[PDB]
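What follows is the content of upload.json (JSON, C-alpha atoms and all ligand atoms).
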```json
[["chain", "number", "residue", "atom", "x", "y", "z"],
["A", 1, "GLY", "CA", 1.69, -13.62, 11.57],
["A", 2, "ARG", "CA", 3.70, -10.69, 10.20],
["A", 3, "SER", "CA", 2.18, -11.62, 6.79],
["A", 4, "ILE", "CA", -0.16, -8.60, 6.75],
["A", 5, "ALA", "CA", 2.80, -6.29, 7.15],
["A", 6, "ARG", "CA", 4.48, -8.17, 4.31],
["A", 7, "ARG", "CA", 1.54, -7.65, 1.93],
["A", 8, "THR", "CA", 0.99, -4.05, 3.09],
["A", 9, "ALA", "CA", 4.71, -3.38, 2.38],
["A", 10, "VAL", "CA", 4.51, -5.01, -1.07],
["A", 11, "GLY", "CA", 1.36, -3.00, -1.71],
["A", 12, "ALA", "CA", 3.09, 0.31, -0.90],
["A", 13, "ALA", "CA", 6.00, -0.64, -3.13],
["A", 14, "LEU", "CA", 3.57, -1.54, -5.93],
["A", 15, "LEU", "CA", 1.72, 1.74, -5.57],
["A", 16, "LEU", "CA", 5.09, 3.50, -5.41],
["A", 17, "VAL", "CA", 5.77, 2.14, -8.88],
["A", 18, "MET", "CA", 3.97, 4.64, -11.12],
["A", 19, "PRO", "CA", 4.89, 7.90, -9.30],
["A", 20, "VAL", "CA", 8.60, 7.11, -8.81],
["A", 21, "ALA", "CA", 8.57, 6.23, -12.50],
["A", 22, "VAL", "CA", 6.99, 9.57, -13.28],
["A", 23, "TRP", "CA", 9.15, 11.39, -10.68],
["A", 24, "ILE", "CA", 12.33, 10.16, -12.38],
["A", 25, "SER", "CA", 10.88, 10.98, -15.81],
["A", 26, "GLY", "CA", 11.08, 14.69, -16.56],
["A", 27, "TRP", "CA", 7.39, 15.12, -17.39],
["A", 28, "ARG", "CA", 5.70, 18.51, -17.00],
["A", 29, "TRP", "CA", 2.06, 19.59, -17.15],
["A", 30, "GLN", "CA", 0.52, 22.09, -19.67],
["A", 31, "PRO", "CA", -2.78, 22.58, -21.51],
["A", 32, "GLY", "CA", -4.29, 19.83, -23.72],
["A", 35, "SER", "CA", -9.07, 18.20, -23.86],
["A", 36, "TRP", "CA", -11.47, 15.58, -22.49],
["A", 37, "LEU", "CA", -9.12, 13.92, -19.99],
["A", 38, "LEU", "CA", -9.46, 16.76, -17.48],
["A", 39, "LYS", "CA", -13.10, 15.80, -17.02],
["A", 40, "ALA", "CA", -12.43, 12.11, -16.29],
["A", 41, "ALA", "CA", -9.55, 12.92, -13.95],
["A", 42, "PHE", "CA", -11.84, 15.42, -12.29],
["A", 43, "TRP", "CA", -14.43, 12.67, -11.83],
["A", 44, "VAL", "CA", -11.81, 10.38, -10.28],
["A", 45, "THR", "CA", -10.58, 13.13, -7.90],
["A", 46, "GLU", "CA", -14.20, 14.04, -7.12],
["A", 47, "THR", "CA", -14.74, 10.48, -5.83],
["A", 48, "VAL", "CA", -12.30, 11.43, -3.06],
["A", 49, "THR", "CA", -13.05, 15.17, -2.69],
["A", 50, "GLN", "CA", -15.97, 15.00, -0.21],
["A", 51, "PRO", "CA", -18.44, 16.11, -1.88],
["A", 52, "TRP", "CA", -19.37, 12.46, -2.56],
["A", 53, "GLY", "CA", -17.81, 11.25, -0.60],
["A", 54, "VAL", "CA", -18.48, 10.22, 2.17],
["A", 55, "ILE", "CA", -20.09, 7.78, -0.27],
["A", 56, "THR", "CA", -17.12, 5.87, -1.54],
["A", 57, "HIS", "CA", -15.67, 6.12, 1.96],
["A", 58, "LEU", "CA", -18.73, 4.74, 3.76],
["A", 59, "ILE", "CA", -19.40, 2.00, 1.21],
["A", 60, "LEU", "CA", -15.76, 0.89, 1.39],
["A", 61, "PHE", "CA", -16.07, 1.14, 5.20],
["A", 62, "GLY", "CA", -19.10, -1.11, 5.54],
["A", 63, "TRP", "CA", -17.99, -3.46, 2.78],
["A", 64, "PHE", "CA", -14.65, -3.84, 4.53],
["A", 65, "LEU", "CA", -16.55, -4.59, 7.72],
["A", 66, "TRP", "CA", -18.29, -7.45, 5.88],
["A", 67, "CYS", "CA", -15.01, -8.85, 4.65],
["A", 68, "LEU", "CA", -13.62, -8.03, 8.08],
["A", 69, "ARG", "CA", -16.17, -10.22, 9.84],
["A", 70, "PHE", "CA", -15.12, -12.93, 12.30],
["A", 71, "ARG", "CA", -12.09, -10.93, 13.47],
["A", 72, "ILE", "CA", -14.36, -7.90, 13.30],
["A", 73, "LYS", "CA", -13.49, -7.20, 16.96],
["A", 74, "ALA", "CA", -10.23, -5.63, 15.79],
["A", 75, "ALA", "CA", -11.76, -4.28, 12.57],
["A", 76, "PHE", "CA", -13.74, -1.64, 14.46],
["A", 77, "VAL", "CA", -10.64, -0.90, 16.53],
["A", 78, "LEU", "CA", -8.82, -0.51, 13.22],
["A", 79, "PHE", "CA", -11.34, 1.90, 11.73],
["A", 80, "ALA", "CA", -11.19, 3.84, 14.99],
["A", 81, "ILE", "CA", -7.41, 4.19, 14.84],
["A", 82, "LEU", "CA", -7.66, 5.29, 11.21],
["A", 83, "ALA", "CA", -10.36, 7.74, 12.27],
["A", 84, "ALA", "CA", -8.10, 8.97, 15.05],
["A", 85, "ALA", "CA", -5.24, 9.73, 12.67],
["A", 86, "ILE", "CA", -7.80, 11.25, 10.32],
["A", 87, "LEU", "CA", -8.64, 13.65, 13.13],
["A", 88, "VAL", "CA", -4.92, 14.12, 13.81],
["A", 89, "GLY", "CA", -4.69, 14.71, 10.08],
["A", 90, "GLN", "CA", -7.18, 17.54, 9.79],
["A", 91, "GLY", "CA", -5.58, 18.84, 12.96],
["A", 92, "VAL", "CA", -2.13, 19.33, 11.45],
["A", 93, "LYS", "CA", -3.44, 20.34, 8.00],
["A", 94, "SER", "CA", -5.46, 23.26, 9.33],
["A", 95, "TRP", "CA", -2.76, 24.02, 11.88],
["A", 96, "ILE", "CA", 0.12, 24.85, 9.61],
["A", 97, "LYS", "CA", -0.42, 26.64, 6.34],
["A", 98, "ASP", "CA", 2.72, 28.76, 6.83],
["A", 99, "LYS", "CA", 5.81, 26.79, 5.91],
["A", 100, "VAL", "CA", 4.56, 25.53, 2.55],
["A", 101, "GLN", "CA", 5.54, 28.31, 0.13],
["A", 102, "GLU", "CA", 5.52, 25.85, -2.79],
["A", 103, "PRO", "CA", 3.87, 26.21, -6.22],
["A", 104, "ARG", "CA", 1.34, 23.77, -7.67],
["A", 105, "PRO", "CA", 2.25, 22.56, -11.17],
["A", 106, "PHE", "CA", -0.31, 24.98, -12.68],
["A", 107, "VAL", "CA", 0.99, 27.99, -10.75],
["A", 108, "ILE", "CA", 4.31, 27.90, -12.61],
["A", 109, "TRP", "CA", 2.65, 27.75, -16.01],
["A", 110, "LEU", "CA", 0.43, 30.57, -14.76],
["A", 111, "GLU", "CA", 3.07, 33.02, -13.52],
["A", 112, "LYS", "CA", 4.84, 32.26, -16.79],
["A", 113, "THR", "CA", 1.82, 32.70, -19.06],
["A", 114, "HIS", "CA", 0.72, 35.78, -17.10],
["A", 115, "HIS", "CA", 4.13, 37.46, -17.40],
["A", 116, "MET", "CA", 5.31, 37.22, -13.79],
["A", 117, "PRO", "CA", 9.09, 37.43, -13.28],
["A", 118, "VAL", "CA", 9.82, 34.45, -11.06],
["A", 119, "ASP", "CA", 12.49, 36.43, -9.22],
["A", 120, "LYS", "CA", 9.90, 39.09, -8.51],
["A", 121, "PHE", "CA", 7.27, 36.37, -7.99],
["A", 122, "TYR", "CA", 9.08, 35.09, -4.91],
["A", 123, "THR", "CA", 10.48, 38.47, -3.95],
["A", 124, "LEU", "CA", 6.90, 39.10, -2.84],
["A", 125, "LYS", "CA", 5.61, 38.27, 0.64],
["A", 126, "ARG", "CA", 3.78, 35.02, 1.31],
["A", 127, "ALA", "CA", 0.01, 35.43, 1.69],
["A", 128, "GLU", "CA", -0.05, 38.15, -0.96],
["A", 129, "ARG", "CA", 1.39, 35.58, -3.39],
["A", 130, "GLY", "CA", -1.57, 33.28, -2.69],
["A", 131, "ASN", "CA", -4.15, 36.04, -3.07],
["A", 132, "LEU", "CA", -2.45, 37.02, -6.35],
["A", 133, "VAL", "CA", -2.73, 33.44, -7.61],
["A", 134, "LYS", "CA", -6.41, 33.60, -6.64],
["A", 135, "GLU", "CA", -6.84, 36.82, -8.64],
["A", 136, "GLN", "CA", -4.89, 35.48, -11.65],
["A", 137, "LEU", "CA", -7.25, 32.48, -11.54],
["A", 138, "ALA", "CA", -10.25, 34.83, -11.48],
["A", 139, "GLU", "CA", -9.22, 36.35, -14.82],
["A", 144, "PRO", "CA", -12.41, 24.93, -17.71],
["A", 145, "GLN", "CA", -14.57, 26.94, -15.31],
["A", 146, "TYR", "CA", -15.14, 24.03, -12.90],
["A", 147, "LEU", "CA", -11.40, 23.31, -13.08],
["A", 148, "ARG", "CA", -10.82, 26.89, -12.01],
["A", 149, "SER", "CA", -13.30, 26.22, -9.19],
["A", 150, "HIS", "CA", -11.08, 23.32, -8.16],
["A", 151, "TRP", "CA", -7.75, 25.21, -8.33],
["A", 152, "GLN", "CA", -9.26, 28.04, -6.27],
["A", 153, "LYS", "CA", -10.91, 25.66, -3.81],
["A", 154, "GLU", "CA", -7.70, 23.66, -3.38],
["A", 155, "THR", "CA", -4.93, 26.28, -3.17],
["A", 156, "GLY", "CA", -2.11, 28.10, -4.87],
["A", 157, "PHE", "CA", 0.39, 26.33, -2.66],
["A", 158, "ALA", "CA", 0.81, 22.58, -2.93],
["A", 159, "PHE", "CA", 0.16, 20.77, 0.33],
["A", 160, "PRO", "CA", 0.40, 17.06, 1.00],
["A", 161, "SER", "CA", -1.95, 14.93, -1.06],
["A", 162, "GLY", "CA", -5.02, 14.08, 0.98],
["A", 163, "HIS", "CA", -6.51, 12.32, -2.05],
["A", 164, "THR", "CA", -3.48, 10.10, -2.53],
["A", 165, "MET", "CA", -3.29, 9.38, 1.20],
["A", 166, "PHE", "CA", -6.90, 8.27, 1.38],
["A", 167, "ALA", "CA", -7.07, 6.17, -1.77],
["A", 168, "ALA", "CA", -3.68, 4.64, -0.96],
["A", 169, "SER", "CA", -4.65, 3.83, 2.62],
["A", 170, "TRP", "CA", -7.79, 2.11, 1.34],
["A", 171, "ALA", "CA", -5.88, 0.15, -1.30],
["A", 172, "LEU", "CA", -3.18, -0.74, 1.23],
["A", 173, "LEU", "CA", -5.82, -1.91, 3.68],
["A", 174, "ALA", "CA", -7.32, -3.97, 0.86],
["A", 175, "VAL", "CA", -4.12, -5.75, -0.24],
["A", 176, "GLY", "CA", -2.61, -6.01, 3.23],
["A", 177, "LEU", "CA", -5.38, -7.20, 5.51],
["A", 178, "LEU", "CA", -7.09, -9.29, 2.91],
["A", 179, "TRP", "CA", -5.14, -11.49, 0.59],
["A", 180, "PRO", "CA", -7.36, -14.41, 1.73],
["A", 181, "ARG", "CA", -10.25, -13.97, -0.54],
["A", 182, "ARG", "CA", -13.25, -11.88, -0.07],
["A", 183, "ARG", "CA", -13.90, -10.61, -3.59],
["A", 184, "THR", "CA", -10.32, -10.14, -4.84],
["A", 185, "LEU", "CA", -12.02, -7.77, -7.24],
["A", 186, "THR", "CA", -11.93, -5.44, -4.22],
["A", 187, "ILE", "CA", -8.14, -5.58, -4.11],
["A", 188, "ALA", "CA", -7.59, -5.12, -7.84],
["A", 189, "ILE", "CA", -10.20, -2.37, -7.93],
["A", 190, "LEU", "CA", -8.83, -0.42, -4.96],
["A", 191, "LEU", "CA", -5.36, -0.75, -6.46],
["A", 192, "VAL", "CA", -6.34, 0.53, -9.90],
["A", 193, "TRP", "CA", -8.56, 3.23, -8.36],
["A", 194, "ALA", "CA", -5.80, 4.49, -6.06],
["A", 195, "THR", "CA", -3.42, 4.67, -9.00],
["A", 196, "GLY", "CA", -6.22, 6.50, -10.84],
["A", 197, "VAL", "CA", -6.47, 9.16, -8.13],
["A", 198, "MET", "CA", -2.72, 9.72, -8.11],
["A", 199, "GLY", "CA", -2.78, 10.00, -11.90],
["A", 200, "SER", "CA", -5.77, 12.30, -11.55],
["A", 201, "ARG", "CA", -3.72, 14.60, -9.36],
["A", 202, "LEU", "CA", -0.80, 14.62, -11.81],
["A", 203, "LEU", "CA", -2.89, 15.32, -14.93],
["A", 204, "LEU", "CA", -4.78, 18.14, -13.24],
["A", 205, "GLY", "CA", -1.66, 20.12, -12.39],
["A", 206, "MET", "CA", -2.39, 19.47, -8.72],
["A", 207, "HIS", "CA", 0.77, 17.80, -7.53],
["A", 208, "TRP", "CA", 4.41, 17.14, -8.21],
["A", 209, "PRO", "CA", 5.25, 13.41, -8.43],
["A", 210, "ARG", "CA", 7.45, 13.61, -5.31],
["A", 211, "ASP", "CA", 4.38, 14.74, -3.35],
["A", 212, "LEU", "CA", 2.52, 11.64, -4.52],
["A", 213, "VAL", "CA", 5.43, 9.41, -3.56],
["A", 214, "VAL", "CA", 5.40, 11.00, -0.10],
["A", 215, "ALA", "CA", 1.64, 10.71, 0.48],
["A", 216, "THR", "CA", 1.95, 7.05, -0.51],
["A", 217, "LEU", "CA", 4.72, 6.64, 2.08],
["A", 218, "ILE", "CA", 2.73, 8.43, 4.76],
["A", 219, "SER", "CA", -0.26, 6.30, 3.79],
["A", 220, "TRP", "CA", 2.00, 3.27, 4.23],
["A", 221, "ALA", "CA", 3.26, 4.28, 7.69],
["A", 222, "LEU", "CA", -0.22, 5.23, 8.88],
["A", 223, "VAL", "CA", -1.81, 1.97, 7.74],
["A", 224, "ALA", "CA", 1.13, -0.02, 9.16],
["A", 225, "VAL", "CA", 1.08, 1.55, 12.64],
["A", 226, "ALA", "CA", -2.70, 1.19, 12.60],
["A", 227, "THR", "CA", -2.65, -2.53, 11.79],
["A", 228, "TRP", "CA", 0.06, -3.32, 14.33],
["A", 229, "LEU", "CA", -1.63, -1.30, 17.08],
["A", 230, "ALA", "CA", -5.17, -2.50, 16.42],
["A", 231, "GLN", "CA", -3.80, -6.05, 16.41],
["A", 232, "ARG", "CA", -1.78, -5.44, 19.58],
["A", 233, "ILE", "CA", -5.06, -4.96, 21.45],
["A", 234, "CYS", "CA", -6.87, -7.04, 20.77],
["A", 235, "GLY", "CA", -6.74, -9.93, 18.29],
["A", 236, "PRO", "CA", -5.51, -10.03, 14.69],
["A", 237, "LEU", "CA", -6.78, -11.04, 11.22],
["A", 238, "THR", "CA", -5.05, -13.40, 10.16],
["A", 239, "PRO", "CA", -7.43, -16.06, 9.09],
["A", 240, "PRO", "CA", -10.27, -16.01, 11.60],
["A", 242, "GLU", "CA", -12.95, -20.87, 11.34],
["A", 243, "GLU", "CA", -13.14, -18.65, 8.32],
["A", 244, "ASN", "CA", -10.30, -20.73, 6.93],
["A", 245, "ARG", "CA", -12.95, -23.46, 6.66],
["A", 246, "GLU", "CA", -15.62, -21.03, 5.40],
["A", 247, "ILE", "CA", -13.36, -19.46, 2.77],
["A", 248, "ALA", "CA", -12.34, -22.97, 1.78],
["A", 249, "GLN", "CA", -16.07, -23.76, 1.59],
["A", 250, "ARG", "CA", -16.50, -20.82, -0.78],
["A", 251, "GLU", "CA", -13.39, -22.03, -2.65],
["A", 252, "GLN", "CA", -14.64, -25.57, -3.31],
["A", 253, "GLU", "CA", -17.95, -24.10, -4.48],
["A", 254, "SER", "CA", -15.99, -22.82, -7.48],
["A", 255, "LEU", "CA", -15.85, -26.35, -8.87],
["A", 256, "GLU", "CA", -19.31, -27.65, -8.01],
["A", 257, "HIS", "CA", -21.86, -27.77, -10.75],
["A", 258, "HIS", "CA", -22.04, -31.46, -11.49],
["A", 301, "LIG", "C1", -6.24, 16.99, 3.15],
["A", 301, "LIG", "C2", -7.15, 16.09, 3.97],
["A", 301, "LIG", "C3", -6.50, 15.75, 5.32],
["A", 301, "LIG", "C4", -6.53, 14.24, 5.56],
["A", 301, "LIG", "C5", -6.08, 13.85, 6.96],
["A", 301, "LIG", "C6", -5.16, 12.62, 6.96],
["A", 301, "LIG", "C7", -5.87, 11.41, 6.35],
["A", 301, "LIG", "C8", -5.19, 10.08, 6.66],
["A", 301, "LIG", "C9", -6.23, 8.96, 6.76],
["A", 301, "LIG", "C10", -6.03, 7.83, 5.75],
["A", 301, "LIG", "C11", -6.94, 6.65, 6.11],
["A", 301, "LIG", "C12", -7.93, 6.31, 4.99],
["A", 301, "LIG", "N1", -8.80, 5.23, 5.45],
["A", 301, "LIG", "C13", -8.07, 3.95, 5.49],
["A", 301, "LIG", "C14", -9.39, 5.52, 6.77],
["A", 301, "LIG", "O1", -9.76, 5.12, 4.64]]
```
Take the structure in the file and write it out as structure tokens.
Amino acid sequence: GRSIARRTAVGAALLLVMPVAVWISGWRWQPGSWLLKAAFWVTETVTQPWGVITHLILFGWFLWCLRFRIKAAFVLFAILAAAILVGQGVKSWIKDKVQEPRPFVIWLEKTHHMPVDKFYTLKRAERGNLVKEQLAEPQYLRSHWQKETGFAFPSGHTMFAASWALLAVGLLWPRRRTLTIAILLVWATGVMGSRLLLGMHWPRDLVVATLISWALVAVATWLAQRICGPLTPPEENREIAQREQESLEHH
């Protein structure tokens, strides 16, 4: 019954573990040398460029594991899509009220001799264009800081990876390759870590995207299940049991 929502919850909490830990810890970012590249790979698996690859594969794969009760599965991926739309809607809509530095911006204004008092005594958009110019004077990492922003926004990356992971844990505990759960969990954590290491986000931001991710996934499961039909074990109790007893077979 409510079991999904239990697991989902637990999942959130689990994924809340690392960032709250970090958040409490007083850690700060600064230069290093090879980690940046791996973290950049991990974030690039969510960036779109590519993709859109991870996303589709996870989509279809989920649909396989989501068989039987697949009637709601599509509904589910529609709801998620809907909020996704809603998402890009709000994102693009307000870039006004942010006014917050990204971990690297602080180190920058410092390193570049920019009185913080004066730094915020200046405008709003001019600040951003100045961060752009200060960035202009590794390379790909610069490309990423430019492409992203001066101001820190919510974490899309976190939200996406975390929503996937949450979906994974929550709506399947009854096994289709539990490797999928463990992998989405570790991967999600890896994206969040990727954001931290790259001077992209403050730990609180990660915590919050994980929460948003939680609420989104929750509302989506409850609503998709409302109309019509849940998963729940599908007949697939017998089929999953049939795959379970195949584990001890050989003889
Ligand atoms: C900065 C990018 C804006 C993203 C818009 C909001 C995204 C929330 C969608 C999370 C759902 C991920 N999922 C489960 C469909 O894979």
Checklist entry - If you count only C-alpha atoms and all ligand atoms, which residues end up within 9 Å of ligand LIG 301 (chain A), as a count of residues only? => result 40
Next on the checklist: Between CA of residue 128 (chain A) and CA of residue 50 (chain A), what is the distance in Å, rounded to a tenth?
Outcome noted: 28.1 Å
Checklist entry - Counting all atoms listed in the file, what is within 12 Å of residue 114 (chain A), bar same-chain residues fewer than 6 positions away, as a ChimeraX atom specification? => result /A:106-108,121,132-133,135-137,139
Residues from the last selection, C-alpha atoms, saved as a JSON list (two decimals), in the frame of the given file:
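Contents of the output file selection-v5.json:
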```json
[["chain", "number", "residue", "atom", "x", "y", "z"],
["A", 106, "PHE", "CA", -0.31, 24.98, -12.68],
["A", 107, "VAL", "CA", 0.99, 27.99, -10.75],
["A", 108, "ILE", "CA", 4.31, 27.90, -12.61],
["A", 121, "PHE", "CA", 7.27, 36.37, -7.99],
["A", 132, "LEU", "CA", -2.45, 37.02, -6.35],
["A", 133, "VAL", "CA", -2.73, 33.44, -7.61],
["A", 135, "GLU", "CA", -6.84, 36.82, -8.64],
["A", 136, "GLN", "CA", -4.89, 35.48, -11.65],
["A", 137, "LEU", "CA", -7.25, 32.48, -11.54],
["A", 139, "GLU", "CA", -9.22, 36.35, -14.82]]
```
Checklist entry - In terms of the shortest atom-to-atom distance over all atoms listed in the file, which of A:68, A:188, A:15, A:255 is closest to residue 215 (chain A)? => result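 Answer, going by the shortest atom-to-atom distance: A:15.
Here CA of residue 205 (chain A) stands at a distance of 10.9 Å from CA of residue 110 (chain A).
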Next on the checklist: Show me the residues close to (3.4, 18.4, -19.3) - anything with an atom within 10 Å, counting all atoms listed in the file - and format the list as a PyMOL selection string.
Outcome noted: chain A and resi 26-32+105+109+202-203+205
Checklist entry - Mind pulling up the distance from CA of residue 19 (chain A) to CA of residue 122 (chain A)? => result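 Separation between CA of residue 122 (chain A) and CA of residue 19 (chain A): 27.9 Å.
The shortest atom-to-atom distance to residue 152 (chain A), with all atoms listed in the file taken into account, belongs to A:206 out of A:124, A:187, A:206, A:217.
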Next on the checklist: Using only C-alpha atoms for the distances, tell me which of A:225, A:147, A:174, A:247 is nearest to residue 63 (chain A).
Outcome noted: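 Ranking A:225, A:147, A:174, A:247 by distance to residue 63 (chain A), first place goes to A:174.
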Edge lengths and centre in Å, axis-aligned, region 50-65 of chain A plus 8 Å each side, as AutoDock Vina command-line options:
```
--center_x -17.4 --center_y 5.8 --center_z 2.6 --size_x 21.4 --size_y 36.7 --size_z 26.3
```
Next on the checklist: What's around residue 14 (chain A) at 12 Å? Count only C-alpha atoms, leave out sequence neighbours fewer than 4 positions away in its own chain, and write the answer as a PyMOL selection string.
Outcome noted: chain A and resi 7-10+18-21+168+171-172+175-176+188+191-192+194-195+213+216-217+220
Next on the checklist: With distances taken over only C-alpha atoms, which residue among A:76, A:95, A:193, A:208 lies nearest residue 158 (chain A)?
Outcome noted: A:208
Checklist entry - A:229, A:65, A:40, A:248: which is nearest residue 180 (chain A), counting only C-alpha atoms? => result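 The closest residue to residue 180 (chain A) is A:248.
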Next on the checklist: Residues within 10 Å of residue 72 (chain A), please, as an MDAnalysis selection string. Count only C-alpha atoms; anything in the same chain fewer than 5 positions from it doesn't count.
Outcome noted: chainID A and resid 64:67 77:78 235:237 240
Next on the checklist: Between A:212, A:148, A:13, A:244, which residue has the minimum interatomic distance to residue 200 (chain A), considering all atoms listed in the file?
Outcome noted: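 Selected residue with least distance to residue 200 (chain A): A:212.
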